[PDB]
């Protein structure tokens, strides 16, 4: 039986360019990035700006208690560093190590001086699938590239989750892991097994675009896998009908400036 998410994906692939353009942000939550983009383009490192939209996504989770970062944070797939720099502002966090592949077509770490920047070490040139897991207190991972093929998205998600398992075996107390494809029958079974083994639960972040079914597996959630995924599928399906709905806005995160004592 085709799941609601698989029905959503088939409809998404049937949309014309114009339908997709109007659908992808219909009714979502967004931060306005115009000020940060201008400041970062002008080389301003001290204005508090987030380096990417990722800081707002992690903020949404942390402010609601979906995880409580602390201690040594490892950020797999850090990109420019939006999760790493947000984590560095958190009182209980004491060290942030981000790893990202970089190279052609992939974002490099951005060096800025938001609050806590001196406890952040971002390393490019690192493929985390070839990296030995190391102990940490908080494990973050934001890897997963969209594909028009749900079979490709499932294969990519299984690859991420297999890799993350090696890190979870070190028993971090807090975690946030992107799940690109939660919506196939096989994926829901896999995620249920992983929740039984490592805990946590799935949450949909409302800053995600309607064009992806990504959910985050986070240590502070506790929810039925099938219900949480199906509720998201129905939400995304419902937004395909009717008029385009307005975007809702937070102000972009401001991460301040200055160093931290450690």
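Positions refer to the first chain, counted from 1.
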### Query
For the C-alpha atoms alone, is the average B factor greater in 59-67 or in 33-41, going by the entry?
33-41
### Task
Could you settle it for me: does 213-221 or 22-30 have the higher average Cα B factor in the PDB entry?
22-30
### Message
Just the C-alpha B-factor column, please: which of 108, 169, 153, 95 has the biggest number?
### Response
169
### Message
According to the Cα B-factor stored in this entry, which of the following is highest: 51, 207, 226, 203?
### Response
226
### Query
Going by the entry, which third of its chain does the Cα temperature factor of residue 142 land in?
lowest
### Task
Just say lowest, middle or highest third for the CA B-factor of residue 132 relative to the other modelled residues in its chain.
highest
### Query
Should residue 162 be placed in the lowest, middle or highest third of its chain by the C-alpha B factor in the entry?
middle
### Query
In terms of the chain's CA B-factor thirds, is residue 186 lowest, middle or highest?
highest
### Task
Please place residue 148 in the lowest, middle or highest third of its chain by C-alpha B factor as given in the entry.
highest
